[PDB]
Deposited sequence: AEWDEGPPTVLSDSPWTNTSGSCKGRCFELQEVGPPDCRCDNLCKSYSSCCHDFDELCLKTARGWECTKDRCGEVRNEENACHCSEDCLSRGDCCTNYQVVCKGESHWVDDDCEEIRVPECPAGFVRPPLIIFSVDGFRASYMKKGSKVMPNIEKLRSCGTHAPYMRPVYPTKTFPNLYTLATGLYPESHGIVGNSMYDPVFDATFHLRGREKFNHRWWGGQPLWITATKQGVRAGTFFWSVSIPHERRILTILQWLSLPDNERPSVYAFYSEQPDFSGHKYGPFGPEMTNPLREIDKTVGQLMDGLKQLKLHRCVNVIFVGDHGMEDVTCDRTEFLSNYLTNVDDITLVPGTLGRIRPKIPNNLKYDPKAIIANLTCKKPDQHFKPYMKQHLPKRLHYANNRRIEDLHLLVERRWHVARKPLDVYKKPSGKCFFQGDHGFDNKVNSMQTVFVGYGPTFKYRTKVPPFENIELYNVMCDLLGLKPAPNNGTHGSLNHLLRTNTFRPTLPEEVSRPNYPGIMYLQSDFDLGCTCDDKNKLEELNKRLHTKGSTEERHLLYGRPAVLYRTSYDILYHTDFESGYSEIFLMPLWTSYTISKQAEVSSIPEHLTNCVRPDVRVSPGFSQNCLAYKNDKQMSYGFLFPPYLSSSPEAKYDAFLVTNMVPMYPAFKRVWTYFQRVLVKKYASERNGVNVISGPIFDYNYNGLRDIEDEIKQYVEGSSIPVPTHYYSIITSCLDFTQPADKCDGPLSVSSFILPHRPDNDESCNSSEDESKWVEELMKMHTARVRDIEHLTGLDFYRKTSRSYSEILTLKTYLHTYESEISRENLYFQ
């Protein structure tokens, strides 16, 4: 219970931690219905608006006014933000020329530049193009500070998951806010945008910035604002807090605006009605900058202008209905709209039949505008599976469309033309980032990056040590003038062996057969020694193994590999394909050829008998026989230590990748270096499985079956230089392909591979960093580039938009 009869006199927007029965006066009291009776009259003053006029200059201080134009207001810290312009002949901040801020210019008493995070809801990156015509203050921040062309939100691309991701550096599956609405089966409780349940701390995991700051002795302003507090009051409050005594003043501040999201939903992103809310936001930014200038702080504070997601054209007319596919939709609950999450209406309903549901939802219309996925089958880049609040059954919805349970759930007259929530690589979902201030660079454009990276950077800006999170610390050092984080290479845990010849073909009984033999490499005395293999096929040093295991480096004319004696296959296989390289066939007599590897014990080798027994599993090769340098060298490709288990369904994709796509990439990029390998993630947590976690093996054997296969394709950013002779920065694209027994995911898979395989790979694009998590490997350790630049490279996602 709260004793409302208290008073907010001398307590308006206090940073005091005040708990019941005491009366509250903070920017969240209205949300808890715990404000003092006089909060609204003392703290939410509105009299005479938010701007000084000429007739108010030098007025007698009336404490009834929203803001002041009295002579004393400046030292009192509560002038209207335009006071000095109207009453003292100063210019607005926006009319001032841009000038580099090389060090903080702060008043005495300021020990460090404060950080102000200005968040705008639903600010699509492309709105920035409207420029100073519409948003002159924001355009000044963008052009004079540091900007990205866009920032990638997390999936789902909705507000709650993204705001909390910004605050924590975590994927939603980790922080727990996996949607604006969610059901937790252990709580048996439902979280909603609106309502009280979301105020319970049990939903919110990880460690948000304000907590990290507080725990390390840095004072945070209250980040959240009750929706009823107008933006002008939020700004005036931030400015007042900045005028506080040295021993009370916070170091970090957050402003939030619900626009331009609301107008985007109403009018769509390209609606002419969008100009008005963009102008209003800019006006708020201007009030903040004008205010900071009045406090002599405009060359002291770091400002981050950041959005949570974008906005797409979505209308009633583009709604898919599950009732068109399923017989009894009244028995399921659907989290609907720009994504789908399905569970039974009655929790744990025993009659719930997910396989039959998915079957009815799979490629049933030629123009179907969503695709069903068990969550472990979602593209790994989405990182959206490892949480009990994420339903097993998901629908990835096509941009511009909605999914709904049945037509009763749509009300045409419809009232909306915009929405968001889609796959976070969709262009319309991208949002904004600008950094302005002493610690940011001046007039600098940076490549787009993911919002999970910002928490580390805000920690850097504040001198904080970040809690464990999913950013890669150092990958954004290029945004900063100083306060960069000097990263340190992780230490290799397992050193490799370099086995020579220690066995004879007679030592092997694996059930393998090869109809021909290369008797010439048996006269090769330097066969499978290092030679120039490493400098040709391993351009950036060997991957470090960051876990305890046993593996062997194996050399070949056409490739090198790191063969695991535990998992019975390479952890990685690395090779370079020149622009001019030739594709060749697998000769008829070699179709079923598999050769034992004298370098590796028969005990640490797979056996072809298992593959003859398993009627469902087949096999493939990591280095492709199609790309052998010579008919002689091609024999290396058929080694048992280059072999991996693949379903025939997957082989349709992999062979087309090996035979057509790799050469296509080499042609277009002036040669490519490829590293390919297996991934084991049976518990779908995005992390390398331990042996105990692997759940499937080749029939009657102990050869483990990968859940995915990766490939990392690197070339010279300067495409005029061949990949193997690159002087400067690198260019990378990667994939994590799901290893599945069918191609149900690809609706056109009945057709030739040229009609569907690339479309699949694009969906499963990945960061090198993703692969590192999944493999326990560390790539690019030996290059001519800074470690910070390499970290940037590893976080890059090739999106194909």
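Peer 1: Missing C-alpha coordinates: which residue stretches of the deposited sequence does that apply to?
Peer 2: Those stretches are 1-15, 429-432, 821-831, listed in order.
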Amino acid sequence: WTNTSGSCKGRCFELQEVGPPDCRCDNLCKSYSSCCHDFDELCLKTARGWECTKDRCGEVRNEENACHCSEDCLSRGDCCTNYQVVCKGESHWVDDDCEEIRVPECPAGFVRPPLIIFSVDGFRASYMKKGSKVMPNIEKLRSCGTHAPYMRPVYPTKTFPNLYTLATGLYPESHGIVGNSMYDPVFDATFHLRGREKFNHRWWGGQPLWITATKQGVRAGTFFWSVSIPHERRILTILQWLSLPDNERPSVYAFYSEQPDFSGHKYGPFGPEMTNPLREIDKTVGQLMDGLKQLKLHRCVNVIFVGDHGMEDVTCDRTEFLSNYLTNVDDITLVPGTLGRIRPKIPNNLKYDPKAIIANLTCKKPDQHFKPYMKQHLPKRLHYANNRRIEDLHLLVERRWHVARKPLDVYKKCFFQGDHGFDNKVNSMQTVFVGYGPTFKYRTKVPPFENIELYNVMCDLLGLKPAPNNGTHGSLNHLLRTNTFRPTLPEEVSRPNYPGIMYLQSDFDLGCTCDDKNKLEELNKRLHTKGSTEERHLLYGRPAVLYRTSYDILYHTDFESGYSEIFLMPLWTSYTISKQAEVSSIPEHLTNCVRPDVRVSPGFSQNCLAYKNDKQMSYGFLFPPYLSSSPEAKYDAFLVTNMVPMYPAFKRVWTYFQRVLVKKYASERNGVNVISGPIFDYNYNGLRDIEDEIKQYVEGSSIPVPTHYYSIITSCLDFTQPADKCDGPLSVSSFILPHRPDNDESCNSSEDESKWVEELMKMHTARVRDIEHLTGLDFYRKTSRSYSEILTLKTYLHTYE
From here on, numbers count along this sequence of modelled residues.
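Here, rigid core means the biggest group of C-alpha atoms that superpose within 1.5 Å across both forms.
Peer 1: Could you tell me which of the two stretches, 4-12 or 791-799, has its Cα atoms lying farther from the shown structure in 9 other deposited structures of this protein after fitting on the rigid core?
Peer 2: With the rigid core superposed, the C-alphas that lie farther in 9 other deposited structures of this protein are those of 4-12.
Peer 1: In 9 other deposited structures of this protein, superposed on the rigid core, which stretch sits farther off in Cα RMS terms, 350-358 or 653-661?
Peer 2: With the rigid core superposed, the C-alphas that lie farther in 9 other deposited structures of this protein are those of 350-358.
Peer 1: Do at least a third of the other compared PDB entries leave residue 411 without coordinates?
Peer 2: Yes, residue 411 lacks coordinates in at least a third of the other compared entries.
Peer 1: Report the stretch with the higher mean CA temperature factor, choosing between 637-645 and 305-313 on the basis of the entry.
Peer 2: Looking at the recorded C-alpha B-factors, 637-645 comes out higher on average.
Peer 1: If you average the CA temperature factors as listed in the entry, which stretch comes out higher, 288-296 or 626-634?
Peer 2: Comparing 626-634 with 288-296, the higher average CA B-factor belongs to 626-634.
Peer 1: Between 733, 743, 775, 53, let me know which has the highest C-alpha B-factor in the entry?
Peer 2: Highest C-alpha B-factor among the listed options: 53.
Peer 1: Among the candidates 245, 418, 114, 700, give the one with the maximum CA B-factor reported in the record.
Peer 2: By C-alpha B-factor in the record, 700 ranks first.
Peer 1: Can you tell me which third, lowest, middle or highest, the CA B-factor of residue 88 falls into for its chain?
Peer 2: For residue 88, whose C-alpha B-factor we compare with every modelled residue in the chain, the answer is the highest third.
Peer 1: Which third, lowest, middle or highest, does the CA B-factor of residue 689 fall in along this chain?
Peer 2: For residue 689, whose C-alpha B-factor we compare with every modelled residue in the chain, the answer is the middle third.
Peer 1: Among the modelled residues of its chain, does the C-alpha B-factor of residue 796 lie in the lowest, middle or highest third?
Peer 2: For residue 796, whose C-alpha B-factor we compare with every modelled residue in the chain, the answer is the lowest third.
Peer 1: Lowest, middle or highest third: where is residue 653 by Cα B-factor in its chain?
Peer 2: It belongs to the middle third of the chain when residues are ordered by C-alpha B-factor.
Peer 1: Could you place residue 26 in the lowest, middle or highest third of its chain by Cα temperature factor, using the values in the record?
Peer 2: Answer is middle: the recorded C-alpha B-factor places it there.
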